[PDB]
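Enquirer: Fold the following.
(3 chains)
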Amino acid sequence: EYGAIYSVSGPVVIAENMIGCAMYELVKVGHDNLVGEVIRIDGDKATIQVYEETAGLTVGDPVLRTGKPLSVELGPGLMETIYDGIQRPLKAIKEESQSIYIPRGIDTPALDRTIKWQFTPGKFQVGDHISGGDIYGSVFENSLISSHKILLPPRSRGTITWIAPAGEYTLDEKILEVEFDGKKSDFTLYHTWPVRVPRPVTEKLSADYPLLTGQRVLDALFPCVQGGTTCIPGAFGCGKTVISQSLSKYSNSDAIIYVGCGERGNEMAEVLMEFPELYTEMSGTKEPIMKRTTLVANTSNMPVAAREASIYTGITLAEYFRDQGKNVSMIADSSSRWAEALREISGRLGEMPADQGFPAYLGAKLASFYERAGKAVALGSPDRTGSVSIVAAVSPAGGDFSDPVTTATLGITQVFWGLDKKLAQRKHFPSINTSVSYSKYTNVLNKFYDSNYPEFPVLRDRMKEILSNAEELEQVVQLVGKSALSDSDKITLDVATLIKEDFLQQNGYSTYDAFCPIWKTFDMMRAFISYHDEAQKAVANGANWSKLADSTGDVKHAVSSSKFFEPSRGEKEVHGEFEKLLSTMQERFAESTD
Amino acid sequence: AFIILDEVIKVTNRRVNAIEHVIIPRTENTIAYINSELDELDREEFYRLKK
Amino acid sequence: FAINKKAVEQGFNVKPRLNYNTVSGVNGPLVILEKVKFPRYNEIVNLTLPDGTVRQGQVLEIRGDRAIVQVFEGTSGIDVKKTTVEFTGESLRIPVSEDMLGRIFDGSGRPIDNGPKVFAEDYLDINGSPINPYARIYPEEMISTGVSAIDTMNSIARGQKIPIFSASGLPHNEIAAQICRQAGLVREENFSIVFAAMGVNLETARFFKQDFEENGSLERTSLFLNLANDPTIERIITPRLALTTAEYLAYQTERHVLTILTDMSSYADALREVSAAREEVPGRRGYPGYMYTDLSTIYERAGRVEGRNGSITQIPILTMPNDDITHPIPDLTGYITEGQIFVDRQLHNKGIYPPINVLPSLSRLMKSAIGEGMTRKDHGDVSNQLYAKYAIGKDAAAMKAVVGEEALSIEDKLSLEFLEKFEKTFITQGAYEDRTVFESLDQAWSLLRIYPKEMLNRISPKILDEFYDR
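Expert: Numbering: from 1, shown residues only, chains lettered A, B, ... in the order given. Shown next is the protein structure:
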């Protein structure tokens, strides 16, 4: 029934008279009912770790055992919500305590329990056989998440014997009963799940659909595929906010789960104050992104037991939303801080340190957590198909890349988008360093490119070659001088400069350059290559680049004016514009080359 | 002046190339090795105290 | 025959086993029992969690009446009131039968190909007694892998163990697939292939399953998969299961087996993790003090035998942490083994496939396989000449970047030309191109035409006089 306390030391509490405690399980300790996690067992005693401060505990205080490991509530009412590491609703705590601090031991349900949802019964009906993962209804939540499907929790079977008609229901009402060995199961609108146990799925699949962002330099040279993985450096001058905002505003995804696993405070207040001001543009200036994203935030002074268990909370929600047939995309934030918190937990527990101090777990846990991404087919009746994508952000531990975490994550991920402050400080956005970044999903996207836009791979290979040749020429001009080069070399350098100035660089503060669709980029690459090759042709047949640059005139102008055609004018208009531009360019090269 | 300047530039550029290519990396490797050794000793001290 | 009919007659016997509902603690991945009635060291037990889900364990210590059990599939959810153990009175054994070929098993050696159980011919302990050294015979044979850098500068004799050192991101998977697809005795492609991958991502497993299927090799193979998300402790069992299967096949059905171990680094990491759970004295960089013996008891299971015809060859793939040949894992791996092929990062950045440099690679048993009666008599020393010239090219190029291009005698110019061609035409080859040793040696001779006869000293004059002119 209850176990008393026996000894207290730091965050370690040892209870007694407790028989029947799982090795990992949540217990309520003290008269304030703090939470803890069983760690050791020997006879009656059971070492417990208390998340919050342990001061004021007295021998003999009762202890309650919950009977399940650290879990998370899943159901309606997740979107437009802000949580702590262990899913504490911060928007409701401030309304309950009416203060600015978090009371020690305050407990409120993770989901609002007094609100009416409109439930529509599914295709199942009494007498039918049902199994885990099946859909048996729907719920209306927003105008953006228009249908929130209801799922029978996995690991549950039997024959349904009672269902409710469509109506107004709250999260404390039973709406289904399943008979397996007695009509003794009652299912409400929500269900829980352990956070360290991957959510079951029918079958994993391969990733073959690109993750469209809007930035040309990423969708063209270093593409990412839905269900993939990524990591990017985290610093101040560079700025990953330019990535996060665009990804959460224009990606082709149906949900975003931002996760902050330990930050500086002020620089968390400056992101909690921005999301409820970003408007997506579909079917009009649709409601802010908050209708579509749930957010997990952890400042630096939250309980350490929570700052390390955050990325497990976000990924579980991402998998839950995948289980409905959506394309989720989690976004971590400074996983290095999570690694530091893990090291702190282990060191306090006490274990032999591995390379540089981190425990041996790091290499295994990183890969295990990263394995949850990827496309999959959910287990259920209507045969959904979803995917989850992770975009990490490795924070150089002290300003380097030799620490174990960076190497471990760089060998696990598949993409890398390097960012340099040198480019950013001199007005170059997005500040991508196109030499150290790379992408490995290139050869898996052919099944899509050839079906839609066959010429991509050759064009991008040629452009990468052009840039490499430009930098090659650049480490020699300063010593040998520009005059010692041919006209082909100068043509290559000039086209490289044109690309670097009016293709890679994007505005992001207008309507013409804020989100470049796929064809809007394919056509630009086509036009740039059509200019470069026809320019090289004139030198090949006999001419002087001095007489080519001047004679061309508007040729080097129309290409740079291509980016000023707003992509909101309709695809057909821009396609016609580009085709006419190519025709005019080749006609002029037919004239100027006479 | 042409001959003298050629000589001086040649010697200085040669010295710069030598320093860049076969001095800095050697010292960097030495620093990395010593850094590893220090942690190697720290681990043993920690283990003794643990025992 | 009667001898066959008696070895299994002892099978017809029934031996009940106890159930102990008495646990007295849990800590980390360990579980402590009490009142066990004559434990046995290295036994097998069957935990039955209160949820009703079975697990498996293995005793590690036994005092008067306590047994310390480590659980494979984690330890969470266990309770000291409702759990239940059951001592099987035996070590861990695997069911083997020559019908395993063409099937898929997971880390614990149970089918995952939607098929039936193995229906074994006998049970074998995953461990095995060492091989009486007086009953071992060295190879005296050669395998033609079709890779010039592997079949000319080094060599592989069946019955040999050769690692493949490669960094992370390099195409060691492609090299291994090519080798296994494209290996035969130099004048067979009947090498039954057992394959064991531990600590891999889904993409790698899918790729390997794909490659073995389109080459018509899946009907004579056997795969053990232990992906990255599978339980960590089980990664120790997998290589032993694979090697036990290989030993059965080869030394009891007389067929030549070739084994692949996809990632030994994950095995080492799992060893370190399980060790740190206990308090064993650590070696350098934290790895266990006895890792050398543990690796040795895995590698030293290949070779041939006096009274048999089978022969099992190993190609363990190993990943260095930071491209550091002085790391403990490569050091012990190359101390135990006999030679190793090195995959180079630098050559990879120039788009050279296979990105194999030859200076840091070695093959101990090359000097025996090559000679006369199997290849030309020049093979023994053409390799030495190419080695010397490549080493001279390296330091000639290194010198060029310091003093400039003023002190480079004609020797250095020839050396640089040789170094360029030896990489741009000789090492490089396609992903589906065979190269018999004769053709590779002809090309190698073609690259020594640069040097005049008078300074090819490492090579013998007799070979020069008879081949340098043809």
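
Enquirer: only C-alpha atoms for contact and neighbour calcs from this point on.
Expert: OK.

Enquirer: What lies in contact with stretch C:153-161?
Expert: The contact list for stretch C:153-161, computed with C-alpha atoms under 8 Å, 6 or more residues apart in numbering or on different chains, reads C:138-144, C:150, C:162, C:299, C:302-304, C:311-316, C:337-339, C:358, C:361-363, C:365-366, C:369, C:383.

Enquirer: Pull up the distance across it, start to finish.
Expert: Terminal residues of stretch C:153-161 are spaced 17 Å apart (C-alpha to C-alpha, to the nearest Å).

Enquirer: try stretch C:444-460
Expert: 16 Å.

Enquirer: Now intersect the contacts of stretch C:153-161 with the helices, please.
Expert: C:150, C:299, C:366, C:369, C:383 (DSSP state H).

Enquirer: So for the longest helix anywhere in chain B, what gets flagged as buried?
Expert: With secondary structure taken from DSSP H, chain B has its longest helix at helix B:24-50. For helix B:24-50, a neighbour-count test (16 or more other C-alpha atoms under 10 Å in any protein chain shown) marks B:40, B:43, B:44, B:47 as buried.

Enquirer: Quick one: residues contacting the last one.
Expert: In this case it means residue B:47. A:352, C:281.

Enquirer: go on, the first one?
Expert: For residue B:40, the set of contacting residues under the criterion of C-alpha under 8 Å, 6+ apart consists of C:284, C:285.

Enquirer: quick one: which of the buried residues of helix B:24-50 is nearest to chain C?
Expert: Closest approach to chain C among the buried residues of helix B:24-50 (C-alpha to the nearest C-alpha): residue B:40, at 6.6 Å.

Enquirer: so how far is chain B from the closest residue to chain C within the stretch 151-300 of chain A?
Expert: As assessed by C-alpha to the nearest C-alpha, chain C sits closest to residue A:206 within the stretch 151-300 of chain A, at 8.1 Å. Separation of residue A:206 from chain B (C-alpha to the nearest C-alpha, to the nearest Å): 41 Å.

Enquirer: How about residue A:497?
Expert: Note on residue A:497: its distance to chain B, by C-alpha to the nearest C-alpha, is 30 Å.

Enquirer: got it, and residue C:115?
Expert: Plainly put, residue C:115 is 50 Å away from chain B if you go by C-alpha to the nearest C-alpha.

Enquirer: quick check, that residue in a helix?
Expert: No. The assignment for residue C:115 (DSSP: H, G, I helix; E, B strand; the rest coil) gives coil, which keeps it out of a helix.

Enquirer: Checking the residue sitting furthest away from the middle of chain C next. Helix, strand or coil?
Expert: No residue in chain C sits farther from the centre than residue C:406, which is 47.9 Å out by C-alpha atoms, centre = their mean. Under the three-state scheme (three-state DSSP), residue C:406 adopts coil.

Enquirer: does stretch C:63-77 come close to chain A?
Expert: Yes. Contact of stretch C:63-77 with chain A (C-alpha under 8 Å from any C-alpha of the partner chain) involves C:75, C:76, C:77.

Enquirer: Just the residues contacting the strand or helix carrying residue A:5, thanks.
Expert: In the assignment (DSSP states H and E), residue A:5 maps to strand A:3-9. Identification of contacts with strand A:3-9 by C-alpha under 8 Å, 6+ apart yields A:13-18, A:57-64.

Enquirer: and if you look at stretch A:544-558?
Expert: A:487, A:491, A:531, A:535, A:538, A:539, A:581, A:585, A:588, A:589, A:592.

Enquirer: just checking, which of those residues belong to helices?
Expert: Among those, the ones falling in helices (DSSP H) are A:487, A:491, A:531, A:535, A:538, A:539, A:581, A:585, A:588, A:589, A:592.

Enquirer: among the contacts of strand A:3-9, who's most crowded?
Expert: residue A:15 (25 neighbours; other C-alpha atoms under 10 Å in any protein chain shown).

Enquirer: List the contacts of it.
Expert: Contacts of residue A:15 (C-alpha under 8 Å, 6+ apart): A:3, A:4, A:5, A:6, A:7, A:44, A:45, A:46, A:47, A:48, A:63.

Enquirer: Which residues of chain B lie near chain A?
Expert: Proximity of chain B to chain A, by C-alpha under 8 Å from any C-alpha, involves residues B:39, B:43, B:47.

Enquirer: For stretch A:503-523, buried residues please.
Expert: A:503-506, A:508, A:512-518, A:520-523.

Enquirer: just stretch C:63-73 next, same as before
Expert: By neighbour count with 16+ other C-alpha under 10 Å, stretch C:63-73 contains the buried residues C:66, C:67, C:68, C:69, C:70, C:71, C:72, C:73.

Enquirer: gap between the first one and residue C:50?
Expert: Taking C-alpha to C-alpha as the measure, residue C:66 falls 22 Å from residue C:50.

Enquirer: and chain A, what are its domains?
Expert: Domain assignment for chain A by CATH domains of a matching chain gives A:2-70, A:71-114+A:188-439, A:115-187, A:440-594.

Enquirer: would TSV of those with distance to residue B:28 be doable?
Expert: Shown next, in TSV, are the domains of chain A (distance: least, C-alpha to C-alpha, whole Å):
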stretch	distance to residue B:28
domain A:2-70	43
domain A:71-114+A:188-439	14
domain A:115-187	56
domain A:440-594	25
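
Enquirer: Compare these and report which one is nearest to residue C:329.
Expert: Closest approach to residue C:329 among the domains of chain A (C-alpha to C-alpha): domain A:71-114+A:188-439, 13.9 Å.

Enquirer: Compute the first-to-last residue distance for that closest one.
Expert: End-to-end distance for domain A:71-114+A:188-439, by C-alpha to C-alpha: 36 Å.

Enquirer: Stretch A:295-307 too?
Expert: End-to-end span of stretch A:295-307 (C-alpha to C-alpha): 14 Å.

Enquirer: Would you mind listing the buried residues in that stretch?
Expert: A:295, A:296, A:297, A:298, A:299, A:302, A:303, A:304, A:305, A:306, A:307.

Enquirer: Fine, thanks again, bye for now.
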